[PDB]
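A.B. asks: Below is the structure I would like to discuss, written out as structure tokens.
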Amino acid sequence: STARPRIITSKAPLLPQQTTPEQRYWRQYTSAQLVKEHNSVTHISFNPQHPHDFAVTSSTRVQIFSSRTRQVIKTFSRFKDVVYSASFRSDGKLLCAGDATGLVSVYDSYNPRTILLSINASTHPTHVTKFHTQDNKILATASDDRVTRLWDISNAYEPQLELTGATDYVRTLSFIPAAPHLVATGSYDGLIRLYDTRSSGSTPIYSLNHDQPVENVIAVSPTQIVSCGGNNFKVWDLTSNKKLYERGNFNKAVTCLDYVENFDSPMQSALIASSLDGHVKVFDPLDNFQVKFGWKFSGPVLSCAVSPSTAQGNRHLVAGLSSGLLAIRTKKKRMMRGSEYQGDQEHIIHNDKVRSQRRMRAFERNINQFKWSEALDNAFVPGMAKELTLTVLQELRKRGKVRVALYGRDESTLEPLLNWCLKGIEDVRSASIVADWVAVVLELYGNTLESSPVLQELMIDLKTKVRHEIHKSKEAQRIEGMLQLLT
Amino acid sequence: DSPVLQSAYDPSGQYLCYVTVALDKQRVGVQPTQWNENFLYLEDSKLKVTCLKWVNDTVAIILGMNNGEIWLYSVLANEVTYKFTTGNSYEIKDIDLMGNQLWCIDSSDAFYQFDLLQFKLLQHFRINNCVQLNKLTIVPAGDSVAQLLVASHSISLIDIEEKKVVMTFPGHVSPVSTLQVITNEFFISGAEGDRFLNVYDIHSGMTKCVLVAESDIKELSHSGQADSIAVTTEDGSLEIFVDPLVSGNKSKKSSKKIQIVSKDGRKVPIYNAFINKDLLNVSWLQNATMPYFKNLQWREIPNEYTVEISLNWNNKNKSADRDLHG
Amino acid sequence: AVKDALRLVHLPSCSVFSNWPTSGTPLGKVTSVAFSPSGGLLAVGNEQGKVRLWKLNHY
Amino acid sequence: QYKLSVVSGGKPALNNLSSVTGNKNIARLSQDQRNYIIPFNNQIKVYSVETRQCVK
Amino acid sequence: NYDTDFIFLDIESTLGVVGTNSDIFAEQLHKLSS
Amino acid sequence: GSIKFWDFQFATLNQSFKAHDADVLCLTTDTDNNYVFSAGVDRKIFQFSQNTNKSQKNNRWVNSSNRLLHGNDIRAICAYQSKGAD
Amino acid sequence: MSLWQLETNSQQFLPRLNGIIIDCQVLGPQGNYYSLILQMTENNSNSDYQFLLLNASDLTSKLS
Amino acid sequence: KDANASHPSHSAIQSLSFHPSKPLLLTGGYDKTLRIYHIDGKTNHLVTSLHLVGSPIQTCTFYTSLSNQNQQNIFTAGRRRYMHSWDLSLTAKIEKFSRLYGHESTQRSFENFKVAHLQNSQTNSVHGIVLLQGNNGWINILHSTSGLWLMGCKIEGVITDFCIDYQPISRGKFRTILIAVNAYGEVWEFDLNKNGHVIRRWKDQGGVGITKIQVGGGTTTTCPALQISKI
RNA sequence: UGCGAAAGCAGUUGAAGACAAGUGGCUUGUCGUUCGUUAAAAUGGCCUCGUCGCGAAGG
């Protein structure tokens, strides 16, 4: 003996925009929940050590959401002006928020009733603050006093390091993720700088010039960093000290970046960017930073962030727009005692239990039970789909006989064949099967066409559909001709 | 614990004759030691065998049973050839032959001589100061039918013509279980439950050496010249003393330790090995009754030895007509 | 059904054996019983996951 | 120094007649039902049923 | 065939290559136990 | 459709047949019961036989012959025999 | 492979033997092996048979 | 000594049996395994222990053929539709009896069966037979080696249990008898060395809810013979 | 049937015999019949294995 061959479903052949696995994995992000906020959602950060929380930065009101239920769980509203930068320490325990009054405050997580300490920065709005990645207790704050500073939170009274050397509107910081003594900054004249923290820290050891005023500087490796300003993002490498990639597939200036490594995906590394245009686009740092997928939202997206590498639950993409709301696109990952014994100590184990197959279709068991006319009739029920109907038509063509499947019909049951065939003749992959099926039905039912008046209008508008389709295919043949000219 | 009641190797290590129980009978059997299975049962549970010994001219076994008989039983033919008897219904506790002269002790302290060429009784006698008996051995000095060695809880070298005790050795605190003569003058002895073998001179009564093992013993087997004695211990290991009559001055520790561990991590026991010159016949129960063997090279293996054997423990039954994915 | 729920009846005189199946016997919730063909062994398997084996002295 | 050497077997080569026999099968089992004796055009195979090898 | 020879085939379809007292007691026991 | 042949004394089933495919509605025999003709609602009238001498030694019925004859149904049947008509 | 018990005229079916059948009969001591001589007709070139017998237990094949 | 001491079990011991000549006590339960001990007085050990995943075994028993005495099958059946046949001659193979031929709507389960010999009454081809509990009133018999249907007898009410008598006719020739109960108390005894038709039917004097029947004193399932004339 | 390209190219088609039916002969049909040419129709359709506490012939 043998088994039974499963009735295949011949899907769509090589149409363009083919389904690549990276766009499959990003395509399965569903349920785009849209949450209103009060003002422009400037900054969004995530929780490092338990990637289950993310912090959003509205005007005067910093919220933190959880990834399990995607509702607001805590607020932070002891801010005397608009609040700008929200960041987490790497042990996930304390939230640093830089506001516009300059008194940059650090709370701890889930306890807004206790401000841990208030760093007095300059009179200028402290526009970005973030903790160090390697060390915990050093905190980088850049205000628009054309300067940035490193504070030790233990010795919170004084600036531990005073990083000057930037001209106009210092705006982003990132630390080189292997050597902790290398701190990279960005300003609004371009000229992405970086400094050694052991040095005096008053001039960059080497600067890198994005010609546009740089908008975000992140690190994806110890070797290469990614800086963006204007309508293109440029990858620089520190070892070659040189720009080596630039993609400009946007309209307006790209406004935020981030990176994710080693997470559960066919695409290993992924750098996604928000672009102030309505699009957030993912780029693949493996093969020369090509674009891979892009989500469109209903206004200029001002920041975006994805869930980190080890999220362990519902993985998130989030993007705060400047219009006043926020987009979350998520993906989600005593008598019967012996009857679980499962054979531990026993000598010889025998196993031939057949797995239950998935449930066969109605037309599949009809063709397998050889009732061919019933297979055709249960095939042309409007509860079925296009590829299923095409495959049962292909099956009856290839194996049985369409003459046999039509040998006992009448005026009535010959209608839904032609009624499907009207929609089926127009598209590409069906029209040959439509052609020979309506050809053999008009071969076999000519005298009933003479008697019965009902399907005559079906034959008439099938003639019109054939004329419409021969006109369309003739002009497409003309386009094939003129491409043969242009080659 | 063993379901083999008791077993005995033939001389020159070829056939193991072993008696086990099988539904209140006594499945005796002979197995070659390189498939021999059609071997007999006796009648009911009140006729179990008590001792057994080979005889190597045909080849046969003698079974000293408990009802009062000795059964001379062939091996090539399956039937019992002859049934030696006493006049008493008392339990024969040990038998030993020497050429034609057979000698069986009783449980009622008697001694009987026999001969397996004339098939009749010769002498039927008891002696004083031997109040229990459970071992005896005719001594090797050629056809020295005289000067045999009886043994129970103390060892008595007794004559057959002076017919009285000529020397008395100290035994154990237990009834003796193994007494075997290894030279023309030395004999090893050892009770059950204790780990102590002691060898005795037959002419002085001085305990020359004491052998020790990591457990109490079940059966010993010596070489042809008393230079290697292998005992099987009750925890299922094999302890071989090499060259046990040299001079670590009075009490020799065990030299070679062979135990058999299957390739799933399960220790299987070893009973009744046999060591002639430069080989070892290790026997062990694979299934519940059918035994397997191994001819291990004796002098070249290291001091300890975990012999590996394959055994079914979680093997998926791949059939000769199916595939792996069914 | 119940604990210690086995009996033996002497079949020719159809009497019931008095002395053996007493409460000092650990029959348990008996769910199988089987005789040997010639040894007079008697296996009783109970619900707790063991089988005890008596021997009848007469056979 | 080349040579041709027959190595492998062919069709089973039954009693391929034109309906001259209704017993068109000349294979056999041994009386100990463990061995299948089967003729070929080129060989005479003997198989063992519990192992399904060419046992000779 | 890539073992450096050739294989042909017939139509009487065969394939071919273009090529370049213990012992006596044990015997009696094995005889009598069957 | 289960045409079942029950024994009269001892009152149980001698043999059975799931021959028919729907409701059996009538049946008959002949004067010495070598034949039982059944006919149902799927119009397949078929004839069980007991004609051979070994089959009447066993008194066991075979599912001998089948015949379709009709368009829609059977709702009744009858049989007759003579020495000039059957 | 269709085997018909005659006391009800009812069948047990083996559906696909990758070939049409030419000869088949029982060959056991009491009928515990089914011989089969199948032919595999989908090539009209050669007369390429295929011998198989199969035990009647679960109708699994043995030594095609 | 406890017969399940050398190897522990895990469910209720749903069936015990013995080999009819060899010293083997076969044990099977709801922990989807079946062991076979070699048993004696002081100890008892495991010999093999097959373990069938997926399928429990409500009842499992030895079978030796009467003619050749060299078959040694194990017939193990659970609450599913299949029974398993093991052959013993010392890994090991089994077969999955799962094909009622003509009568598939009469076996809800193989939950209870028996095994019995049969001489075929025109030639002395003694072969084994398994016998299954039906669902309406049926009891099917089968063939032990091949697995053909042979016949299915039927009583009314519910089949509750049944047992196998034997009776000799001449030297080396015997006719078997299947005795089967109702759930009320009138039983049918029909021989099946010819085709299975009832030769006697009688009512239990009293008895309403009856649950088991066992015949014997001579030979039966718990003690068959090995010579045919020892029936 | 032969070639060849997946399209097309060139060409077959008889002789005898047997048997049956229908009207002693005569018309019509089938070939487990021979030679020669490279030359639809019996109510009959493909299996199961998804299934449901202790206690050695008393205390």
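FYI, nothing fancy with the structure tokens labels: chains A, B, ... in order, residues from 1 per chain, ligands from 1 as they appear.
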For chain F against chain I, which residues fall within 9 Å using only C-alpha atoms (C1' of nucleotides), given as a list in words?

C.D. replies: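 Only these qualify: residues 44, 67 and 68 of chain F.
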
A.B. asks: Please dump the current selection as a compact mmCIF listing (two decimals), in the first residue's frame; keep N, CA and C atoms.

C.D. replies:
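The result, written out as selection20.txt:
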# COMPACT_ATOMS: atom_id res chain seq x y z
N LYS F 44 -33.22 -1.60 -6.10
CA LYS F 44 -32.33 -2.72 -6.42
C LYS F 44 -32.94 -3.99 -5.85
N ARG F 67 -30.31 -7.36 -9.26
CA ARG F 67 -30.87 -6.79 -10.48
C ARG F 67 -31.48 -5.43 -10.18
N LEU F 68 -31.14 -4.44 -10.99
CA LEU F 68 -31.86 -3.19 -11.00
C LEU F 68 -32.84 -3.23 -12.16

A.B. asks: Specify as a CSV table (one decimal) with N, CA and C atoms, in the first residue's frame all residues of chain G found within 9 Å of chain A, counting only C-alpha atoms.

C.D. replies:
chain,number,residue,atom,x,y,z
G,14,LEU,N,-7.3,-2.8,-0.6
G,14,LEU,CA,-6.0,-2.2,-0.6
G,14,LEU,C,-5.9,-1.3,-1.8
G,15,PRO,N,-5.7,0.0,-1.5
G,15,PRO,CA,-6.1,1.0,-2.6
G,15,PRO,C,-5.1,1.2,-3.7
G,16,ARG,N,-3.8,1.1,-3.4
G,16,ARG,CA,-2.8,1.5,-4.4
G,16,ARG,C,-1.5,0.7,-4.2
G,17,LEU,N,-1.2,-0.1,-5.2
G,17,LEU,CA,0.0,-0.9,-5.1
G,17,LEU,C,1.1,-0.5,-6.1
G,18,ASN,N,1.1,0.7,-6.5
G,18,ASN,CA,1.9,1.4,-7.6
G,18,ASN,C,2.1,0.5,-8.8
G,59,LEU,N,-1.8,-5.9,6.5
G,59,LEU,CA,-1.6,-5.7,5.1
G,59,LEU,C,-0.4,-4.9,4.8
G,60,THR,N,0.6,-4.9,5.6
G,60,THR,CA,1.9,-4.2,5.3
G,60,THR,C,2.7,-5.1,4.4
G,61,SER,N,3.5,-4.4,3.6
G,61,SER,CA,4.3,-5.1,2.6
G,61,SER,C,5.5,-5.8,3.2

A.B. asks: Got a sec: who's within 12 Å of residue E:4, counting only C-alpha atoms (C1' of nucleotides), leaving out chain neighbours fewer than 2 positions off, as a VMD selection string?

C.D. replies: chain E and resid 1 to 2 6 to 7 17 to 20

A.B. asks: If the cut-off is 10 Å, can you tell me the residues of chain A near chain C, counting only C-alpha atoms? I'd like them as a PDB file with C-alpha atoms, in the first residue's frame.

C.D. replies:
ATOM      1  CA  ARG A 334      -7.688   7.815  40.624  1.00  0.00           C
ATOM      2  CA  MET A 335      -8.304   5.273  37.860  1.00  0.00           C
ATOM      3  CA  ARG A 337      -2.817   7.206  36.920  1.00  0.00           C
ATOM      4  CA  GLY A 338      -0.599   5.414  34.429  1.00  0.00           C
TER       5      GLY A 338
END

A.B. asks: Fewer than 6 positions away in the same chain doesn't count, so skip those; otherwise give me all residues within 6 Å of residue A:185, counting only C-alpha atoms (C1' of nucleotides), as a PyMOL selection string.

C.D. replies: chain A and resi 172-173+192-194

A.B. asks: Print the selection's residues with N, CA, C and O atoms to a file, as a PDB file, in the first residue's frame.

C.D. replies:
ATOM      1  N   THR A 172      22.178  65.339  20.138  1.00  0.00           N
ATOM      2  CA  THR A 172      22.139  63.899  20.380  1.00  0.00           C
ATOM      3  C   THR A 172      23.452  63.407  20.962  1.00  0.00           C
ATOM      4  O   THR A 172      24.522  63.946  20.676  1.00  0.00           O
ATOM      5  N   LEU A 173      23.351  62.360  21.774  1.00  0.00           N
ATOM      6  CA  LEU A 173      24.501  61.646  22.300  1.00  0.00           C
ATOM      7  C   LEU A 173      24.342  60.157  22.042  1.00  0.00           C
ATOM      8  O   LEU A 173      23.227  59.632  21.995  1.00  0.00           O
ATOM      9  N   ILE A 192      29.625  65.597  13.295  1.00  0.00           N
ATOM     10  CA  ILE A 192      29.454  64.627  14.373  1.00  0.00           C
ATOM     11  C   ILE A 192      30.784  64.431  15.075  1.00  0.00           C
ATOM     12  O   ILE A 192      31.751  63.944  14.480  1.00  0.00           O
ATOM     13  N   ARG A 193      30.844  64.809  16.341  1.00  0.00           N
ATOM     14  CA  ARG A 193      32.091  64.719  17.077  1.00  0.00           C
ATOM     15  C   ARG A 193      32.094  63.486  17.960  1.00  0.00           C
ATOM     16  O   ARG A 193      31.069  62.845  18.186  1.00  0.00           O
ATOM     17  N   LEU A 194      33.274  63.169  18.472  1.00  0.00           N
ATOM     18  CA  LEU A 194      33.401  62.186  19.533  1.00  0.00           C
ATOM     19  C   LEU A 194      34.648  62.511  20.335  1.00  0.00           C
ATOM     20  O   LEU A 194      35.579  63.148  19.840  1.00  0.00           O
TER      21      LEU A 194
END

A.B. asks: Please, which residues of chain A lie no more than 9 Å from chain H when the count uses only C-alpha atoms, and can they be set out as a PyMOL selection string?

C.D. replies: chain A and resi 335-343+345-353

A.B. asks: Kindly provide, as a list in words, the residues of chain H having any atom no farther than 7 Å from an atom of chain F, counting only C-alpha atoms.

C.D. replies: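 Output check: residues 154, 155, 197, 198 and 201 of chain H.
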
A.B. asks: Write to file, as an mmCIF file, in the first residue's frame, the residues of the selection just made, with N, CA, C and O atoms.

C.D. replies:
data_model
loop_
_atom_site.group_PDB
_atom_site.id
_atom_site.type_symbol
_atom_site.label_atom_id
_atom_site.label_comp_id
_atom_site.auth_asym_id
_atom_site.auth_seq_id
_atom_site.Cartn_x
_atom_site.Cartn_y
_atom_site.Cartn_z
ATOM 1 N N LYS H 154 -24.442 -13.531 17.184
ATOM 2 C CA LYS H 154 -25.117 -12.414 17.818
ATOM 3 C C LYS H 154 -26.237 -12.926 18.695
ATOM 4 O O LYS H 154 -26.983 -13.822 18.301
ATOM 5 N N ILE H 155 -26.331 -12.358 19.890
ATOM 6 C CA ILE H 155 -27.460 -12.580 20.780
ATOM 7 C C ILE H 155 -28.163 -11.243 20.967
ATOM 8 O O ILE H 155 -27.735 -10.232 20.404
ATOM 9 N N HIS H 197 -24.102 -21.344 14.616
ATOM 10 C CA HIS H 197 -25.527 -21.289 14.880
ATOM 11 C C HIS H 197 -25.784 -21.979 16.207
ATOM 12 O O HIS H 197 -25.032 -22.859 16.626
ATOM 13 N N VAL H 198 -26.866 -21.568 16.862
ATOM 14 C CA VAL H 198 -27.080 -21.914 18.258
ATOM 15 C C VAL H 198 -27.503 -23.367 18.385
ATOM 16 O O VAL H 198 -28.437 -23.818 17.713
ATOM 17 N N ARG H 201 -29.800 -22.942 24.163
ATOM 18 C CA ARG H 201 -30.015 -21.655 24.795
ATOM 19 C C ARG H 201 -30.734 -21.916 26.100
ATOM 20 O O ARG H 201 -31.761 -22.598 26.107
#

A.B. asks: Contacts from chain B to chain C, 8 Å maximum, only C-alpha atoms: show me the residue list as a PyMOL selection string.

C.D. replies: chain B and resi 23-25

A.B. asks: Dump N, CA and C atoms for the selected residues as a PDB file, in the first residue's frame?

C.D. replies:
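And here's selection20.pdb as it stands now:
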ATOM      1  N   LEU B  23       8.770 -22.098  38.448  1.00  0.00           N
ATOM      2  CA  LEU B  23       7.434 -22.478  38.920  1.00  0.00           C
ATOM      3  C   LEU B  23       7.494 -23.750  39.769  1.00  0.00           C
ATOM      4  N   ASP B  24       8.080 -23.580  40.959  1.00  0.00           N
ATOM      5  CA  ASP B  24       8.381 -24.571  42.000  1.00  0.00           C
ATOM      6  C   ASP B  24       8.926 -25.909  41.494  1.00  0.00           C
ATOM      7  N   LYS B  25       9.690 -25.868  40.418  1.00  0.00           N
ATOM      8  CA  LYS B  25      10.477 -26.994  39.957  1.00  0.00           C
ATOM      9  C   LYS B  25      11.931 -26.542  39.908  1.00  0.00           C
TER      10      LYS B  25
END

A.B. asks: How close does each residue of chain G get to chain H, giving the shortest atom pair and distance in Å to one decimal for every residue with an atom at most 7 Å away, counting only C-alpha atoms, sorted by chain and residue number, as a tab-separated table?

C.D. replies:
residue	atom	partner	partner_atom	distance
G:10	CA	H:102	CA	5.6
G:11	CA	H:102	CA	6.4
G:12	CA	H:101	CA	5.5
G:31	CA	H:146	CA	6.6
G:32	CA	H:146	CA	4.5
G:56	CA	H:146	CA	4.9
G:57	CA	H:146	CA	5.2
G:58	CA	H:97	CA	5.7

A.B. asks: Hey, which bits of chain D sit within 10 Å of chain B, and for each residue what's the closest pair of atoms and how far apart in Å (one decimal), counting only C-alpha atoms, rows by chain and increasing number, as a Markdown table?

C.D. replies:
| residue | atom | partner | partner_atom | distance |
| --- | --- | --- | --- | --- |
| D:49 | CA | B:320 | CA | 9.0 |
| D:50 | CA | B:320 | CA | 6.7 |
| D:51 | CA | B:320 | CA | 6.0 |
| D:52 | CA | B:320 | CA | 7.3 |

A.B. asks: Could those residues be written to a file, using C-alpha atoms, as a PDB file, in the first residue's frame?

C.D. replies:
ATOM      1  CA  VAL D  49      11.415 -12.570   5.249  1.00  0.00           C
ATOM      2  CA  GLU D  50      12.158 -11.118   8.672  1.00  0.00           C
ATOM      3  CA  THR D  51      15.194  -9.203   7.374  1.00  0.00           C
ATOM      4  CA  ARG D  52      14.439  -8.601   3.644  1.00  0.00           C
TER       5      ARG D  52
END

A.B. asks: When the cut-off is 10 Å and we count only C-alpha atoms (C1' of nucleotides), which residues of chain I are near chain C, given as a ChimeraX atom specification?

C.D. replies: /I:54-59

A.B. asks: Write out the residues from the selection above, keeping N, CA and C atoms (P, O5', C5', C4', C3', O3' and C1' of nucleotides), as a PDB file, in the first residue's frame.

C.D. replies:
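Okay, this is what ended up in out-v5.pdb:
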ATOM      1  P     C I  54      -0.039   1.589  51.164  1.00  0.00           P
ATOM      2  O5'   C I  54      -0.094   1.163  52.700  1.00  0.00           O
ATOM      3  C5'   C I  54       0.988   1.429  53.582  1.00  0.00           C
ATOM      4  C4'   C I  54       0.811   0.710  54.896  1.00  0.00           C
ATOM      5  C3'   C I  54       0.724  -0.807  54.813  1.00  0.00           C
ATOM      6  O3'   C I  54       2.004  -1.414  54.827  1.00  0.00           O
ATOM      7  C1'   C I  54      -1.031   0.035  56.180  1.00  0.00           C
ATOM      8  P     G I  55       2.354  -2.629  53.839  1.00  0.00           P
ATOM      9  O5'   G I  55       1.477  -3.843  54.381  1.00  0.00           O
ATOM     10  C5'   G I  55       1.852  -4.550  55.555  1.00  0.00           C
ATOM     11  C4'   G I  55       0.686  -5.316  56.125  1.00  0.00           C
ATOM     12  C3'   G I  55       0.225  -6.522  55.324  1.00  0.00           C
ATOM     13  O3'   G I  55       0.981  -7.684  55.604  1.00  0.00           O
ATOM     14  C1'   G I  55      -1.640  -5.188  55.878  1.00  0.00           C
ATOM     15  P     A I  56       2.191  -8.115  54.644  1.00  0.00           P
ATOM     16  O5'   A I  56       1.891  -9.646  54.323  1.00  0.00           O
ATOM     17  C5'   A I  56       1.663 -10.570  55.378  1.00  0.00           C
ATOM     18  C4'   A I  56       1.554 -11.986  54.876  1.00  0.00           C
ATOM     19  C3'   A I  56       1.376 -13.050  55.960  1.00  0.00           C
ATOM     20  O3'   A I  56       0.654 -14.152  55.409  1.00  0.00           O
ATOM     21  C1'   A I  56       3.303 -13.522  54.756  1.00  0.00           C
ATOM     22  P     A I  57      -0.907 -14.041  55.058  1.00  0.00           P
ATOM     23  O5'   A I  57      -1.421 -15.540  55.177  1.00  0.00           O
ATOM     24  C5'   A I  57      -1.402 -16.217  56.422  1.00  0.00           C
ATOM     25  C4'   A I  57      -2.590 -17.134  56.565  1.00  0.00           C
ATOM     26  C3'   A I  57      -2.827 -17.716  57.950  1.00  0.00           C
ATOM     27  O3'   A I  57      -3.525 -16.822  58.801  1.00  0.00           O
ATOM     28  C1'   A I  57      -3.011 -19.423  56.317  1.00  0.00           C
ATOM     29  P     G I  58      -3.246 -16.811  60.382  1.00  0.00           P
ATOM     30  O5'   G I  58      -4.612 -16.301  61.016  1.00  0.00           O
ATOM     31  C5'   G I  58      -4.612 -15.489  62.180  1.00  0.00           C
ATOM     32  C4'   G I  58      -5.127 -14.111  61.868  1.00  0.00           C
ATOM     33  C3'   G I  58      -5.071 -13.083  62.986  1.00  0.00           C
ATOM     34  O3'   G I  58      -3.785 -12.520  63.175  1.00  0.00           O
ATOM     35  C1'   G I  58      -7.177 -12.987  61.943  1.00  0.00           C
ATOM     36  P     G I  59      -3.358 -11.950  64.617  1.00  0.00           P
ATOM     37  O5'   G I  59      -4.118 -10.554  64.729  1.00  0.00           O
ATOM     38  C5'   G I  59      -3.803  -9.475  63.861  1.00  0.00           C
ATOM     39  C4'   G I  59      -4.696  -8.287  64.115  1.00  0.00           C
ATOM     40  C3'   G I  59      -4.846  -7.867  65.567  1.00  0.00           C
ATOM     41  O3'   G I  59      -3.756  -7.094  66.038  1.00  0.00           O
ATOM     42  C1'   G I  59      -6.975  -7.955  64.563  1.00  0.00           C
TER      43        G I  59
END

A.B. asks: Please identify every residue of chain E that has at least one atom no farther than 9 Å from an atom of chain B, counting only C-alpha atoms, and for each give the shortest atom pair and the distance in Å to one decimal, arranged by chain then increasing number, as CSV.

C.D. replies:
residue,atom,partner,partner_atom,distance
E:21,CA,B:58,CA,8.8
E:22,CA,B:14,CA,7.5
E:25,CA,B:76,CA,7.3
E:26,CA,B:32,CA,7.9
E:28,CA,B:76,CA,7.2
E:29,CA,B:76,CA,5.8
E:30,CA,B:35,CA,7.2
E:32,CA,B:76,CA,7.4
E:33,CA,B:36,CA,6.3
E:34,CA,B:38,CA,8.9

A.B. asks: Store the residues of this selection in a file with C-alpha atoms, as a short mmCIF file (atom, residue, chain, number, x, y, z; two decimals), in the first residue's frame.

C.D. replies:
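What follows is the written file result.cif:
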data_model
loop_
_atom_site.label_atom_id
_atom_site.label_comp_id
_atom_site.auth_asym_id
_atom_site.auth_seq_id
_atom_site.Cartn_x
_atom_site.Cartn_y
_atom_site.Cartn_z
CA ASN E 21 36.46 -34.92 23.75
CA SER E 22 34.97 -31.47 24.29
CA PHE E 25 30.71 -33.40 22.74
CA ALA E 26 29.90 -29.87 21.53
CA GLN E 28 26.98 -33.91 19.27
CA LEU E 29 25.19 -31.44 21.57
CA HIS E 30 24.56 -29.02 18.69
CA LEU E 32 21.00 -33.36 19.44
CA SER E 33 19.57 -30.05 20.72
CA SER E 34 17.87 -29.33 17.37
#

A.B. asks: Between atom CA of residue A:392 and atom CA of residue A:354, what is the distance, to one decimal in Å?

C.D. replies: 27.3 Å

A.B. asks: Just give me the gap between atom CA of residue A:387 and atom CA of residue A:434 in Å, one decimal is fine.

C.D. replies: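 So the answer is 13.3 Å.
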
A.B. asks: Which residues are near residue G:34? Cut-off 6 Å, only C-alpha atoms (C1' of nucleotides), ignore same chain within fewer than 6 positions. Put them as a list in words.

C.D. replies: residues 25, 26, 53 and 54 of chain G

A.B. asks: Would you kindly return, as a PyMOL selection string, each protein, DNA or RNA residue with an atom no farther than 9 Å from any atom of stretch 8-14 of chain I, considering only C-alpha atoms (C1' of nucleotides) and excluding same-chain residues fewer than 2 positions away?

C.D. replies: chain I and resi 1-5+36-37+39

A.B. asks: So that I can check the surroundings of residue G:39, please list as JSON, numbers by chain every protein, DNA and RNA residue that reaches within 8 Å of it, counting only C-alpha atoms (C1' of nucleotides) and ignoring chain neighbours fewer than 6 positions away.

C.D. replies: {"G": [19, 20, 21, 22, 47, 48, 49, 50]}

A.B. asks: Can you work out which residues from chain D touch chain I at a cut-off of 12 Å (counting only C-alpha atoms (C1' of nucleotides)) and hand them back as a VMD selection string?

C.D. replies: chain D and resid 18 to 20

A.B. asks: Which residues of chain F sit at most 12 Å from chain G, using only C-alpha atoms? Give each one's shortest atom pair and distance in Å (one decimal place), in chain and ascending residue order, as JSON lines.

C.D. replies:
{"residue": "F:2", "atom": "CA", "partner": "G:8", "partner_atom": "CA", "distance": 11.0}
{"residue": "F:3", "atom": "CA", "partner": "G:8", "partner_atom": "CA", "distance": 10.7}
{"residue": "F:4", "atom": "CA", "partner": "G:8", "partner_atom": "CA", "distance": 11.1}
{"residue": "F:14", "atom": "CA", "partner": "G:7", "partner_atom": "CA", "distance": 12.0}
{"residue": "F:15", "atom": "CA", "partner": "G:7", "partner_atom": "CA", "distance": 8.9}
{"residue": "F:16", "atom": "CA", "partner": "G:8", "partner_atom": "CA", "distance": 7.5}
{"residue": "F:17", "atom": "CA", "partner": "G:8", "partner_atom": "CA", "distance": 5.7}
{"residue": "F:18", "atom": "CA", "partner": "G:8", "partner_atom": "CA", "distance": 7.6}
{"residue": "F:19", "atom": "CA", "partner": "G:8", "partner_atom": "CA", "distance": 7.6}
{"residue": "F:20", "atom": "CA", "partner": "G:8", "partner_atom": "CA", "distance": 11.4}
{"residue": "F:48", "atom": "CA", "partner": "G:8", "partner_atom": "CA", "distance": 10.3}
{"residue": "F:49", "atom": "CA", "partner": "G:7", "partner_atom": "CA", "distance": 11.5}
{"residue": "F:50", "atom": "CA", "partner": "G:7", "partner_atom": "CA", "distance": 11.8}
{"residue": "F:55", "atom": "CA", "partner": "G:7", "partner_atom": "CA", "distance": 11.0}
{"residue": "F:60", "atom": "CA", "partner": "G:7", "partner_atom": "CA", "distance": 8.6}
{"residue": "F:61", "atom": "CA", "partner": "G:7", "partner_atom": "CA", "distance": 7.7}
{"residue": "F:62", "atom": "CA", "partner": "G:7", "partner_atom": "CA", "distance": 6.0}
{"residue": "F:63", "atom": "CA", "partner": "G:8", "partner_atom": "CA", "distance": 6.2}
{"residue": "F:64", "atom": "CA", "partner": "G:9", "partner_atom": "CA", "distance": 8.7}
{"residue": "F:65", "atom": "CA", "partner": "G:9", "partner_atom": "CA", "distance": 10.4}
{"residue": "F:66", "atom": "CA", "partner": "G:9", "partner_atom": "CA", "distance": 11.4}
